[PDB]
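Chain and residue survey
Read off the chains here:
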Amino acid sequence: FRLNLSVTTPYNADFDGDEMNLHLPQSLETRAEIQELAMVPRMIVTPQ
Amino acid sequence: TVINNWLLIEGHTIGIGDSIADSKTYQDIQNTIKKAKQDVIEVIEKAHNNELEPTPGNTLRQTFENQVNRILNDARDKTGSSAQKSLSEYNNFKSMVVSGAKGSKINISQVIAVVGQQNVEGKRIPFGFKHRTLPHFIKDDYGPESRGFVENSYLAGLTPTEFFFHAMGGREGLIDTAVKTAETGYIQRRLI
Amino acid sequence: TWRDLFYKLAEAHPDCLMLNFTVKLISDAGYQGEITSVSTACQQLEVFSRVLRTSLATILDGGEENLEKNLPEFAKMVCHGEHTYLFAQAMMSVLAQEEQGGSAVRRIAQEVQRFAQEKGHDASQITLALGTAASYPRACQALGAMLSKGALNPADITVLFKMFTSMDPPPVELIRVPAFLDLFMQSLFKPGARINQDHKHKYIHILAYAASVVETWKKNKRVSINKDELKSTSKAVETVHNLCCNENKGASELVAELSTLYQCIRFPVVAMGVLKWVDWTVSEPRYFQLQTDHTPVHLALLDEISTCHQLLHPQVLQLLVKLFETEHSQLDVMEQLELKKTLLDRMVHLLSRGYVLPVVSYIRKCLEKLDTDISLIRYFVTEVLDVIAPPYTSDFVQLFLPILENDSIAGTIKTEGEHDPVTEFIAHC
Amino acid sequence: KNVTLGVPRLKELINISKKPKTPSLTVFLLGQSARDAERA
Amino acid sequence: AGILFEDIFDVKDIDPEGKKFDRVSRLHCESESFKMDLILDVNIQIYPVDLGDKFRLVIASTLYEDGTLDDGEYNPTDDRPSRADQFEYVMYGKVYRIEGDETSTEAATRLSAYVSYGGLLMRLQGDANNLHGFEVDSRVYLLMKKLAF
Amino acid sequence: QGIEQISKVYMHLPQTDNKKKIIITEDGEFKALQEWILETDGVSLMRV
Amino acid sequence: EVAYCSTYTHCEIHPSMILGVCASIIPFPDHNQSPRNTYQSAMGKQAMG
Amino acid sequence: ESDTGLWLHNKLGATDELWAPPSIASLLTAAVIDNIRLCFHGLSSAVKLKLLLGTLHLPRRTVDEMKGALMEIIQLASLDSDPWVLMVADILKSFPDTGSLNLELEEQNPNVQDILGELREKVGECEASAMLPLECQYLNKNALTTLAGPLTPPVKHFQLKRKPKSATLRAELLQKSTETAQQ
Amino acid sequence: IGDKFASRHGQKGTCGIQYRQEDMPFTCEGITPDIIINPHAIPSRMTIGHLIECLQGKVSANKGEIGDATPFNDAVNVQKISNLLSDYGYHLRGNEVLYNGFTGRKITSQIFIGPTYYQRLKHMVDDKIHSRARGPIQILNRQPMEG
Ligand SMILES: [Mg+2]
């Protein structure tokens with residue numbers, strides 16, 4: 001799995017043996033939900 | 001993309017040359033260490049002849065420990081400041097610190113100037129043996145190197161006693177991680 | 001009010017001829033003081049000369065107590081320009097040829113010089129124009145060089161010292177200027193500015209000649225020379241500077257030679273040097289951390305300075321108030337309170353030598369305004385009242401009464417017992 | 001000084017317990033007693 | 001023409017705070033006729049300057065003598081006449097700040113125009129009479145030429 | 001003397017303005033003032 | 001030298017013998033941070049060879 | 001030079017500051033003053049005053065090398081209508097000769113005479129407890145006495161029944177120091 | 001790429017990419033790195049032993065003898081190693097001038113380079129890659145199996 005380094009901070013990823021999980025949404029409704037709520041560019045600023 | 005492609009031209013590295021002082025800073029660091037050693041020797045001498053005024057709010061041992069810790073911490077801070085002064089604008093540790101990418105002032109100070117005092121449970125190295133930390137010292141020795149002060153830097157290497165003391169200091173971090181993970185997991189689950 | 005009306009009209013209507021006539025009539029009536037004066041209109045000849053003369057008279061009617069207040073007021077209006085400053089300094093030099101109290105005028109001129117330097121003046125060349133030092137062009141130019149630079153140049157000092165310690169020494173007025181000695185001790189007794197042991201002896205000789213040498217002058221002509229204080233004073237300065245500037249020496253090493261230290265600090269110039277060295281040595285807030293004695297020997301040294309010499313009292317008081325007004329970090333609250341108690345003990349020791357009024361005035365000012373801890377003030381008053389005896393000066397009581405009128409007088413007597421409370425002073429008022 | 005901050009403090013605040021490790025009070029003096037050390 | 005300001009300067013000082021950067025040097029230069037101070041950053045490596053040097057400084061709104069007001073994109077292939085022919089050191093930047101000794105009522109007698117040439121800063125501080133071609137957020141050429149006199 | 005389960009009381013001077021006494025002056029300024037405080041090692045809150 | 005003990009009874013053979021098997025293959029172990037020495041002692045048992 | 005009058009007025013005509021503008025010596029040389037001398041009657045009073053005051057700050061060698069033009073400028077300043085320029089020229093005329101200021105301010109300056117007289121009266125009136133020069137902080141008691149009279153101890157405002165803790169502290173510290181030097 | 005490698009000072013990491021000899025940077029001679037690691041791994045972790053071992057690897061390789069890194073020696077320090085290295089025509093601190101592999105241009109920063117011991121940990125990526133889409137099922141609760 002290859003990913004841009006800017007997103008290594010939210011994941012606290014390390015590139016030294018770290019493993020990550022990938023889930024594939026199976027329906028159009030679910031895919032639209034992911035695209036409209038949880039895409040990476042939409043999570044730049046945290047509410048915390 | 002743009003910065004990573006310009007780095008092909010500019011380049012970046014780090015090496016032994018980025019950890020060396022100009023041989024005049026080494027004299028200053030050694031002088032500061034000698035001053036701190038003389039100071040703590042003097043305080044122990046005053047306690048030997050019973051002149052330490054007890055702090056109004058702390059025990060005699062507590063005020064003695066506070067005095068020694070203050071002296072040692074001031075010595076490490078002064079040595080660190082001198083080390084940062086010595087760094088050139090071409091140095092790579094300084095570049096990676098001021099950029100905020102990695103490292104901090106304490107890392108440079110420990111690599112160049114001095115590792116500093118080791119601590120377990122917030123205190124100096126306890127007397128595991130009867131009235132001495134290691135068999136190599138004399139009983140009832142509260143001097144700096146006896147109770148877990150490392151006077152060498154990571155470049156010069158640690159002597160065996162302070163190597164063992166630094167191992168003691170490092171073990172607590174792993175222990176604390178191993179307990180804190182499970183302690184905070186239940187907190188977070190209950191909050192959820 | 002109508003006079004100020006007329007002045008503001010003439011300001012607003014300069015071309016109004018009847019306004020000029022009205023100003024003329026106001027001048028005729030004898031109220032010329034109300035027309036713009038002091039610092040506003042000191043560019044006119046008669047007005048500036050009159051206002052400068054009045055301010056000089058005010059200073060001379062001031063005294064030691066008025067030194068801190070009126071002198072900046074006078075200095076800001078005499079140094080507003082190089083022409084006014086030139087007139088002031090020329091008149092100071094003209095009076096300075098007369099010693100019948102002209103030492104006061106010389107003091108005023110020196111204070112004006114140092115204020116001008118604080119502002120940014122290159123007034124050292126002006127001062128050399130004042131003195132007879134300009135009669136030796138080489139030495140005068142060298143002094144101008146060092147005082148525009150502000151540093152003790154070794155080659156320049158060799159050039160100056162060549163003319164001295166001979167049968168033809170330059171007039172002492174060249175070497176007596178306050179700026180020379182002040183910059184000299186700022187550069188020498190400072191822990192910095194390392195000297196490579198070569199021309200330092202020449203510096204010591206120059207300082208000894210400036211301070212400890214006696215020159216007799218009649219009608220501003222050199223009469224006789226006294227060189228009694230040139231070997232002992234020079235040796236004292238060398239030993240003191242060696243002790244002070246060997247900063248690698250520990251505290252115990254300096255304490256070990258306290259006998260010769262006390263012998264040497266019995267000199268005024270040595271007293272100023274050691275005072276300034278202590279000022280630099282304690283200025284770093286880190287110094288107290290490495291200070292492993294609750295009651296320093298530095299404080300006893302300041303006590304010795306205060307006791308032996310009285311003309312140095314304002315400087316010790318200034319140091320004490322500076323140390324008192326600063327909060328010390330990385331310490332204990334109880335440690336800070338103990339340090340304040342020791343500082344007030346030093347204040348009482350200063351009060352002992354007769355220097356009383358400024359200390360009490362500052363204590364009152366810091367108490368009533370910008371209230372500090374009341375325990376410190378009560379302890380200070382307790383120490384003061386137990387070391388003074390009746391009768392008392394009227395002004396001394398006049399300034400010591402308000403502090404004791406309030407701020408927890410009931411607690412001023414807790415556990416003393418054998419001796420009577422402060423009320424006796426009240427009975428003696 | 002000794003106040004036991006960190007995760008144990010958060011656990012005590014969350015797990016509402018009648019026996020905190022280091023209970024304390026922050027007493028503020030009322031009047032003229034607030035300035036004088038002896039009158040504190 | 002597009003000549004906003006022109007005068008002769010002589011370099012009174014080089015970087016007094018120490019050499020902060022290797023290839024860029026700070027110049028405290030002072031005027032001859034209009035008596036206005038200048039603070040400039042120059043690329044010392046390709047255009048070396050030394051103390052006491054005098055130079056002609058011509059701030060211009062455009063390089064073209066007819067003032068066609070070029071758009072401002074790099075087109076080296078241009079055969080039109082230019083000012084840069086008779087100048088050695090030319091930088092292009094924009095003015096980003098104008099200070100002044102303005103009061104609440106009276107106008108300003110002293111101005112100080114700040115211009116940035118992509119990082120290299122220049123402050124031109126003088127009487128307000130000569131600084132009127134400077135409007136904030138406008139492009140400006142330096143056109144500096146060392147004088148042999 | 002004292003109140004039960006009050007083992008010892010520390011006398012403290014807050015060097016941080018958070019516990020300092022900040023009083024609005026007559027001219028509008030805030031003028032934080034430093035005043036003595038006490039820190040107990042027991043809890044009464046009723047007799048205290 | 002400056003008298004500290006003057007009454008020793010035993011002398012160490014070599015101080016580097018305090019280390020174990022895995023930790024004694026680290027070159028210059030006294031120039032690292034101790035957690036790194038621990039990590040190396042862990043990862044030396046997973047090296048291919 | 002090329003219209004040196006405007007050059008002088010614009011380099012040095014900072015009328016807001018009555019002080020000496022910086023590097024006044026460097027702006028002047030033999031030729032500069034040699035051109036100033038024939039155009040001294042066109043410039044303003046402020047520029048003239050700054051030039052005259054800066055002529056003091058010139059180095060002694062520079063003053064002596066080209067002292068004739070300085071005498072000419074001072075003489076032309078004495079003929080000026082502004083009384084300040086008259087006074088400054090009177091003061092300055094003694095520089096090329098010796099170096100010290102002209103003490104003969106008595107001529108054509110009655111204001112100087114009045115200020116000198118009343119200052120002298122006030123100084124004679126207050127020769128007791130006067131402001132000792134700051135140099136008195138340094139020179140020895142004998143030197144101080146020969147310079148500006150001996151030291152007068154401050155008035156006894158009270159009686160010191162017992163010494164404070166300082167005296168006992170200093171004695172104890174002397175004893176401790178005497179015992180310390182032997183180790 | 002994806003396989004795991006570690007130095008002898010706890011500097012573990014996975015291969016990010018592989019470049020051919022032509023693309024890698026090179027010295028004045030045709031020496032090109034086998035492994036390039038990031039500088040940022042050094043400062044926060046303070047494995048100065050890694051740097052010293054790298055420095056003395058050059059001395060051991062050029063001189064022709066196995067270097068000594070006994071933990072408490074005091075006959076070996078960085079200064080003597082640098083002095084030995086400068087006798088073989090290299091910069092005394094172990095830096096070299098590297099040329100950019102793609103453009104052939106010099107790199108403005110001289111690069112620290114030398115021989116260091118590396119190991120191949122058993123955690124290869126091919127032994128961990130895993131995917132599923134409707135595989136076997138458990139018997140008790142009909143949910144996808146574990147492992
Ligand atoms: Mg990781």
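- Method of determination for the deposited model, per the PDB record: cryo-EM, at 3.3 Å resolution.

- The name the PDB entry assigns to chain C is Negative elongation factor C/D, from the organism Homo sapiens.
- Looking at chain C in UniProt, the text filed under Subcellular location is "Nucleus".
- Recorded in UniProt under Sequence similarities, the annotation for chain C is "Belongs to the NELF-D family."

**Comments concerning the packing of helix α16 (residues 268-283) of chain C against helix α17 (residues 297-308) of chain C**
Residue and element names in this part refer to chain C.
- Packing of α16 against α17 brings their axes to within 11 Å, and their N-to-C directions diverge by 150°. On the basis of the axis angle, α16 is roughly antiparallel to α17. The element α16 and its partner α17 pack so that their crossing is left-handed. Residues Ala 271, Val 274, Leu 275, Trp 277, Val 278 and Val 282 of α16 lie in contact with α17, whose contacting residues are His 298, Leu 301, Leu 302 and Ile 305.
- Looking at the contact of α16 with α17 residue by residue, the classes come out as 9 nonpolar, 1 polar and no charged.

**Quick word on a negative patch on the surface**
- Residues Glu 42, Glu 45 and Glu 51 of chain B together with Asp 293 of chain C make up a contiguous surface patch of negative charge.
- Within the element layout of this structure, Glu 42 of chain B appears in helix α2 (residues 25-48).

**A word on a nonpolar patch on the surface**
- Residues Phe 1, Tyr 11, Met 20, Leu 22, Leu 24 and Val 40 of chain A make up a contiguous nonpolar surface patch of roughly 700 Å² in combined accessible area.
- Among the secondary structure elements, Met 20 of chain A is positioned in the segment before α1 (28-37).

**Description of the side chain of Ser 234 of chain C**
Residue and element names in this part refer to chain C.
- The topology assignment puts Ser 234 in helix α13 (residues 232-245).
- Using a relative accessible area of 6% as the deciding quantity, one classes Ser 234 as buried.
- At 2.4 Å, the side chain of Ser 234 forms a polar contact with the backbone oxygen of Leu 230.
- If we skip the residues at most four places from it in the chain, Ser 234 touches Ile 204 and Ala 208.

**Thoughts on the environment of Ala 41 of chain C**
- Within the fold, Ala 41 of chain C resides in the loop between α2 (17-29) and α3 (45-62).
- When sequence neighbours within four positions are dropped, the list of residues in contact with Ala 41 of chain C reads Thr 36 and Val 47 of chain C.

**Points about the coordination of the magnesium ion**
Residues and elements named next belong to chain A.
- Taken together, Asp 14 (OD), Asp 16 (OD) and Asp 18 (OD) make up the full set of protein donors to the magnesium ion, lying 2.2 to 2.7 Å away.
- Sequence spacing among the residues donating to the magnesium ion works out to D-x1-D-x1-D.
- The exposure class assigned to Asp 16 is buried, which follows from its relative accessible area of 7%.

**A closer look at the packing of aromatic side chains**
- Going through the model one piece at a time under the given rule, you end up with 21 aromatic pairs over all chains.
- Relative to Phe 396 of chain C, the ring of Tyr 392 of chain C has its centre 6.2 Å away and its plane inclined at 25°; by these criteria the two rings are stacked.
- Classification of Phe 396 of chain C as buried rests on a relative accessible area of 1%.
- An angle of 85° between the planes, with centres 5.9 Å apart, marks the rings of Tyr 19 of chain I and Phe 102 of chain I as edge-to-face. Here the residue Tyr 19 of chain I occupies a position in the loop between β2 (13-14) and α1 (48-63), and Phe 102 of chain I occupies one in the loop between β3 (95-96) and β4 (111-112), the gap between them amounting to 83 residues.
- Taking NZ or CZ as reference, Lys 340 of chain C lies 5.3 Å from the ring centre of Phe 324 of chain C, over its face.

**Examining the interface of chain D and chain C**
- Counting residues at the interface gives 6 residues for chain D, matched by 8 residues for chain C.
- In total, chain D and chain C occlude about 570 Å² of area from one another, counting both sides; carbon and sulfur atoms represent 48% of this.
- Counting across the interface, chain D meets chain C through 2 salt bridges.
- Across the pair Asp 371 of chain C and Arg 35 of chain D runs a salt bridge, and its minimum N-O distance is 3.4 Å.
- If you look at where chain D meets chain C, you find 4 residue pairs in polar contact.
- Looking at the side of chain D that touches chain C residue by residue, the class counts come to 1 nonpolar, 1 polar and 4 charged.

**Examining α2 of chain B**
Residue and element names in this part refer to chain B.
- Between its terminal C-alpha atoms α2 stretches 34 Å, which fits the 34 Å expected from 24 residues at 1.5 Å a residue.
- Of the residues making up α2, those classed as buried are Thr 25, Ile 29, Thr 32, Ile 33, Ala 36, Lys 37, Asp 39, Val 40, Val 43 and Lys 46.
- Buried residues in α2 make contact with α3 (60-86).
- The positive-phi residue at the C-terminal boundary of α2 is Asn 50, with phi of around 60°.

**So, the interface of chain H and chain C**
- At the junction of the two partners, chain H supplies 73 residues and chain C supplies 103 residues.
- Note on chain H versus chain C: buried area summed over both sides is about 8300 Å², and carbon and sulfur give 66% of it.
- At the boundary of chain H and chain C, one finds 5 salt bridges.
- Where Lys 165 of chain H meets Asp 345 of chain C, a salt bridge forms, and the shortest distance between an N and an O atom there is 4.0 Å.
- There are 22 residue pairs in polar contact connecting chain H and chain C.
- Mapped onto the side of chain H that touches chain C, the elements with two or more residues apiece are α3 (45-57), α4 (60-65), α6 (83-92), α7 (110-125), α8 (141-148) and α9 (165-180) of chain H.

**Considerations on the arrangement of the chains**
- When the 13 pairs of chains in contact are compared, the highest contact count belongs to chains C and H.
- Spatially, chain C is disjoint from chain E: no contact exists, and the shortest C-alpha separation is 16 Å.
- With no contact between them, chain A and chain H keep their nearest C-alpha atoms 55 Å apart.

Reading the values: rules and limits
Residues numbered from 1 in each chain as written, not as in the entry; some residues may be left out. Chains lettered and ligands numbered in written order. Part of a larger assembly, values for the part shown. Heavy atoms only, no water. Residues with missing side-chain atoms left out of burial classes, pairs and counts. UniProt positions renumbered as here; feature names shortened; annotations may be inferred. Axes fitted to C-alpha atoms, helices over the stretch in contact; angles between N-to-C directions. Helix = DSSP H or I, 4+ residues; strand = E, 2+ residues; numbered from the N terminus. Parallel < 35°, antiparallel > 145°, perpendicular 65-115°, else oblique. Left-handed = near helix turned anticlockwise from the far one by under 90°. Contact = heavy atoms within 4.5 Å. Nonpolar A, V, L, I, M, F, W, Y, C, P; charged D, E, K, R; others polar. Patch = residues over 30% accessible without salt bridge, like charges linked within 9 Å, V, L, I, M, F, W, Y side chains within 5 Å. Areas by Shrake-Rupley, 256 points an atom, 1.4 Å probe, with all protein chains shown as cover. Salt bridge = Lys/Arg side-chain N within 4 Å of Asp/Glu carboxyl O. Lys, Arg positive; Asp, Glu negative; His and termini not counted. Charge placed at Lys NZ, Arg CZ, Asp CG, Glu CD. Buried < 20%, exposed > 50% of the residue type's maximum accessible area, 1.4 Å probe, protein only. Polar contact = N/O pair within 3.5 Å; in protein donor to acceptor, adjacent residues only side chain to side chain. Donors = N, O, S within 2.8 Å, 3.2 Å for Na, K, Ca; no water. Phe/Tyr/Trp six-rings, centres within 6.5 Å; stacked < 30°, edge-to-face > 60°. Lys NZ or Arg CZ within 6 Å of the ring centre and 35° of its normal. Buried area = accessible area lost by both parts, 1.4 Å probe. Expected span 1.5 Å × (residues − 1).

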